Each structure stands twice: as C-alpha cells, then as structure tokens.
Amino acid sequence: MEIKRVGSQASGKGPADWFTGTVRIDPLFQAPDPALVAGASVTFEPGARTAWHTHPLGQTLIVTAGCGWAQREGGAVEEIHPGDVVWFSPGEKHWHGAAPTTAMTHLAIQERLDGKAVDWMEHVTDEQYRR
C-alpha cells in the first residue's frame, strides 16, 4: 500500500501536438505490472480539446466538473456533464474537450497495451468543433 497525497503530483500542461488550446493534466495514477490501467484528471479551458485519437483498450471518461463536448468518428458531437460516464471502444477514433464557453474537467481512465495507452492523430478543426 502507498498513498499519493493531495498536491504531491504536480500539474502539467497539454503538449500542442495533442491538444488545441489550453489543457492542464493532473496525473493521478499509473499502475505497475501486472496491472495495465492509468488515470489522470484533465482540465480543458473554454475552446480547448484533444486532437483526434484512439485507445488500444479504450478509455472511460468520468466528468467531474463543467461542461464539454465529445465525438466519435461519424457520430454527433455530444454534450457531457459532471457525473456523466463515457466509454470509447478499443480503436474508436474520437475527441473530447471543453465547450466553447465553459471549461470541462474529467477523469480519464485507460489500460496500456505496450507502454502505450493512446494513438494521436490530426487536430480537431474549427469546422469540426461545432454542435
């Protein structure tokens, strides 16, 4: 047993290849072998969102604050709220972020395959970023 106390895991920023706009990532856990699962709290500023991407064993999102958008490829752009729970299937191309006027914060949970829990792709355009 070990405890990572509050404020002991520093906030980091979203790298510009992977996110449009201002995103802060607050690491929560990365579970050692034989566990595969990792999680972090991600906070998007108004207008911010991830580039298109996929997850090898999928990801679950648990919204914890604010109001944001999310779309799987060829689906519609959905609105998500605190308490909402999202599932993206393995390989499903998708994106998620804040709404244009409000921040959003979510817990993102995903299992790694190699040492690889995400595949990044093209950014989400302004044209694509609408509802």
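Position 1 is the first residue in the sequence shown; the rest follow in order.
Chemist: Which of the two stretches, 30 to 38 or 56 to 64, shows the higher mean Cα temperature factor in the record?
Modeler: Between 30 to 38 and 56 to 64, it is 30 to 38.
Chemist: Select lowest, middle or highest to describe the third in which the CA B-factor of residue 70 falls within its chain in this entry.
Modeler: Bottom third by C-alpha B-factor.
Chemist: What third of the chain does residue 109 rank in for C-alpha temperature factor, lowest, middle or highest?
Modeler: Middle third of the chain for residue 109's C-alpha B-factor.
Chemist: Going by the CA temperature factor in the PDB record, which third of the chain does residue 10 belong to: lowest, middle or highest?
Modeler: Answer is middle: the recorded C-alpha B-factor places it there.
Chemist: For residue 76, does the deposited CA B-factor place it in the lowest, middle or highest third of the chain?
Modeler: Highest third, going by the recorded CA B-factors of the chain.
Chemist: Could you tell me which third, lowest, middle or highest, the C-alpha B-factor of residue 89 occupies within its chain?
Modeler: Highest third.
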